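> Give me coordinates for this.
(2 chains, ligands or ions: 3)
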2 protein chains.
Amino acid sequence: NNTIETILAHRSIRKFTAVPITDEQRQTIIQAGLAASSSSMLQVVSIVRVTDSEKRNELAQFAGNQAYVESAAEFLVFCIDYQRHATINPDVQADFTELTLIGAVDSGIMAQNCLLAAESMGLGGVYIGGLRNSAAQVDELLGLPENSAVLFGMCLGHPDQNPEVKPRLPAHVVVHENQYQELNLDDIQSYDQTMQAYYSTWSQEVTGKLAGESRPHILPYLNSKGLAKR
Amino acid sequence: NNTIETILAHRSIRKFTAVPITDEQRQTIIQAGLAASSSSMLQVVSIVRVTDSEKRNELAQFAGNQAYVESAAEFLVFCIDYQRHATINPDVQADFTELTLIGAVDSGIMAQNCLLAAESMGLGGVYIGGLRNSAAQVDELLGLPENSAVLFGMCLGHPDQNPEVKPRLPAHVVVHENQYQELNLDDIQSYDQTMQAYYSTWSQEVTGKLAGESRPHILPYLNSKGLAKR
Ligand SMILES: NC(=O)c1ccc[n+]([C@@H]2O[C@H](COP(=O)([O-])OP(=O)(O)OC[C@H]3O[C@@H](n4cnc5c(N)ncnc54)[C@H](O)[C@@H]3O)[C@@H](O)[C@H]2O)c1
Ligand SMILES: Cc1cc2nc3c(=O)[nH]c(=O)nc-3n(C[C@@H](O)[C@H](O)[C@@H](O)COP(=O)(O)O)c2cc1C
Ligand SMILES: Cc1cc2nc3c(=O)[nH]c(=O)nc-3n(C[C@@H](O)[C@H](O)[C@@H](O)COP(=O)(O)O)c2cc1C
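Numbers count the residues shown, from 1 in each chain, chains lettered A, B, ... in the order given. Ligands and ions are numbered 1, 2, ... in the order given. Have a look at this structure:
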């Protein structure tokens, strides 16, 4: 079917044309996101649509100077939002890490619905997690209140490039039957060879990155917004 | 198009027939999940397919006695996995909260691709966050190693019920233009009335839950597996 064909045809698009996305298309992309499952129907995700050209420029910089953030027809910012709940009832305790996990999982689910909806319409896109490296600055720029935090952005627009589909680790490595199975390094070597043909190896790159520090300011940032304190 | 139609027709299915999911369908569902975007191409998600009936029963109880966990044709458990990286390179530091956020977000993205793929085939499903009630016990049952943790499960199978689509908060409440906008309590009251018509109110129910403690054992659990320690 068309749904599975769209899912399997995915590839991040980082170059867009100037052709805008229609109001009908955008509204449909948003409705698709809303139709996503929500943990306990809490609906803890907020989307900040950035149309202001100056804020776009600042966000492109806060993302690590990723130009496509400014050139994209649309730029959405996904945030954890327990402020809605806090406004309704001030007795809400939103500092439990469980709630941050829910915000993160539910955001990914919603964002993927938005992306797939866009892709099925012939649009291209890419997630922007780089915003987290400048979390505090991005948070202030968008005026996020207490019990709210930024997770990632998303570029949407008409493609101006046609990249090849990137191969993933094989299903037998990712999927485990009944119990977690030990990793067979021979599978990793085969994957590295596969990735080399596509393009330092994959395994060397990803593990080298994790060998150092991974944005140590993240927990302090979440805590400053009153999240993940216990 | 068909993709958008499938997305908008979503409703959680909690009643399944005894008809199993074919190998071809399951493989396609997994392939759809693998086609999802990955943060820095880290591929930090692992899926544990539970075919053991004795384990299914225990998981059903651990999930809060949710019967459909046992009756579902397929039950997939999504986990954060940095053990693959740790096996390749022992110098990997996987305790940074940033890495747990990446795991949670990426899991949601992958899982949604799996669900949509299934739903497009005429199948039904429901996320199972209830596994977190007994996270530590579910972890030991599945034999998850260090740098790995359980997030949620997913029931899949042929539907034996036809629930009506649940309405979400209006787009103007969830979507903010350029900056975070203050909540208009009138919109929440309107939504409550909409939910009452579908069926205490929604706002009263969700905030009442958040007024209590939300799975306080979660952070300690993550820490016990070497995650979210700093
Ligand atoms: N009737 C109740 O008091 C009650 C309470 C909680 C959830 N629910 C129902 O469970 C599902 C909600 O899942 P969630 O997104 O909140 O996830 P979740 O992760 O909170 O899992 C459901 C939790 O609610 C408990 N529960 C109590 N009655 C339940 C019931 N009749 N069916 C299933 N679980 C029940 C379970 O033990 C479990 O801890 C919905 O179908 C909802 O209608 C009902
Ligand atoms: C939550 C998340 C954040 C991401 N952040 C970035 C980012 O900041 N910039 C970028 O160019 N790509 C980012 N990516 C996307 C890609 O790196 C991408 O998914 C890729 O490595 C796999 O290729 P494909 O998406 O083309 O299949 C992100 C992916 C996810 C899931
Ligand atoms: C990550 C996640 C976990 C969830 N956990 C459960 C669960 O344990 N049990 C259940 O019956 N429903 C669960 N739900 C699904 C429903 O609560 C559901 O999304 C619902 O409240 C909204 O209705 P719909 O999905 O039918 O549109 C979960 C949803 C998500 C996103």
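> In this structure residue A:55 contacts residue A:141, no?
Yes - Residue A:55 is in contact with residue A:141 according to C-beta atoms under 8 Å; the separation is 6.4 Å. All C-beta spots, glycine's among them, are computed from the backbone N, C-alpha and C.
> Any part of stretch A:151-168 near chain B?
Yes - contact of stretch A:151-168 with chain B is found when judged by C-beta under 8 Å from any C-beta of the partner chain, involving A:151, A:152, A:166, A:168.
> oh sorry, the question was meant for stretch A:45-55
Yes - on the criterion C-beta under 8 Å from any C-beta, stretch A:45-55 is in touch with chain B at A:45, A:46, A:47, A:48, A:49, A:50, A:51, A:52, A:55.
> Adding distance to ligand 3 and neighbour count, write the residues you listed out as TSV.
Shown next, in TSV, are these (distance: C-beta to the nearest ligand atom, whole Å; neighbours: other C-beta atoms under 10 Å in any protein chain shown):
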residue	distance to ligand 3	neighbour count
A:45	10	24
A:46	16	25
A:47	16	21
A:48	21	25
A:49	23	15
A:50	26	24
A:51	29	10
A:52	31	13
A:55	30	19
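> Does residue A:176 belong to a helix, a strand or coil?
Three-state call for residue A:176 (DSSP: H, G, I helix; E, B strand; the rest coil): strand.
> so how far is residue B:52 from it?
Note on residue A:176: its distance to residue B:52, by C-beta to C-beta, to the nearest Å, is 12 Å.
> now residue A:78
36 Å.
> before we move on, the earlier item: same list (the residues of stretch A:151-168 next to chain B) but as TSV, adding distance to residue B:98 and neighbour count.
Listed next are those as TSV, based on distance: C-beta to C-beta, whole Å; neighbours: other C-beta atoms under 10 Å in any protein chain shown:
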residue	distance to residue B:98	neighbour count
A:151	11	24
A:152	12	23
A:166	23	15
A:168	22	19
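> Contact partners for residue A:147?
A:81, A:82, A:83, A:85, A:86, A:92, A:94, A:225, A:226, A:227 (C-beta atoms under 8 Å, 6 or more residues apart in numbering or on different chains).
> now with 6 Å?
A:82, A:83, A:86, A:94, A:226 (C-beta atoms under 6 Å, 6 or more residues apart in numbering or on different chains).
> Equivalent analysis for residue A:130, please.
Applying C-beta under 6 Å, 6+ apart, we find residue A:130 in contact with A:63, A:64, A:66.
> tell me the SS of the second one?
What that stands for is residue A:64. Assigned by three-state DSSP, the conformation of residue A:64 is coil.
> Residue A:143 should be in a helix, yeah?
No - using three-state DSSP, the assignment for residue A:143 is coil, not a helix.
> ok, how many other residues are close to it?
Look at residue A:143: counted by other C-beta atoms under 10 Å in any protein chain shown, it has 13 neighbours.
> How much space separates it from residue A:48?
Residue A:143 is 9 Å from residue A:48, by C-beta to C-beta.
> Residue A:9 too?
For residue A:9 relative to residue A:48 (C-beta to C-beta), the value is 28 Å.
> Kindly report the same for residue A:61.
In terms of C-beta to C-beta, residue A:61 sits 17 Å off from residue A:48.
> do the same with residue A:138
10 Å.
> With distance to residue A:129 and neighbour count added, can I get the contacts of residue A:130 in a markdown table?
Conversion of these to a markdown table gives the following (distance: C-beta to C-beta, whole Å; neighbours: other C-beta under 10 Å):
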| residue | distance to residue A:129 | neighbour count |
| --- | --- | --- |
| A:63 | 9 | 24 |
| A:64 | 10 | 13 |
| A:66 | 10 | 20 |
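> Nearest to chain B among the residues you listed?
Minimum distance to chain B across those is 12.0 Å, recorded for residue A:64 (C-beta to the nearest C-beta).
> which residues touch that closest one?
Neighbouring residues of residue A:64 by C-beta under 6 Å, 6+ apart: residue A:130.
> same thing but at 8 Å, please
Contacts for residue A:64 (C-beta under 8 Å, 6+ apart) come out as A:130, A:133.
> and if you look at residue A:113?
For residue A:113, the contacting residues are A:32, A:33, A:35, A:36, B:7, B:112, B:116, by C-beta under 8 Å, 6+ apart.
> so which strand or helix has residue A:166?
Assigned by DSSP states H and E, residue A:166 falls within no helix or strand.
> my guess is it contacts residue A:194, does it?
No - counting by C-beta under 8 Å, residue A:194 is not a contact partner of residue A:166; they are 10.1 Å apart.
> Against residue A:187, how distant is the closest residue to residue A:152 other than its chain neighbours?
The spatially closest residue to residue A:152, leaving aside those adjacent along the chain, is residue A:129, at 4.7 Å (C-beta to C-beta, 6 or more residues apart in numbering or on different chains). Counting by C-beta to C-beta, the gap from residue A:129 to residue A:187 is 26 Å.
> And residue A:14, by the same measure?
Using C-beta to C-beta, we find residue A:14 at a distance of 29 Å from residue A:187.
> Which parts of the top strand by length along chain A count as buried, going by neighbours?
Assignment by DSSP state E gives strand A:148-157 as the longest strand of chain A. By 16 or more other C-beta atoms under 10 Å in any protein chain shown, the buried positions in strand A:148-157 come out as A:148, A:149, A:150, A:151, A:152, A:153, A:154, A:155, A:156, A:157.
> Quick one: end-to-end length of stretch A:27-40, please.
Using C-alpha to C-alpha, to the nearest Å, the end-to-end distance of stretch A:27-40 comes to 25 Å.
> tell me how far it is from the chain's mean position?
Taking C-alpha atoms, centre = their mean, to the nearest Å, one finds the center of stretch A:27-40 at 15 Å from the center of the full chain.
> Equivalent analysis for stretch A:17-37, please.
16 Å.
> The biggest helix by length in chain A: which residues count as buried?
Determined from DSSP state H, the single longest helix within chain A is helix A:97-120. Within helix A:97-120, the residues scored as buried using 16+ other C-beta under 10 Å are A:97-120.
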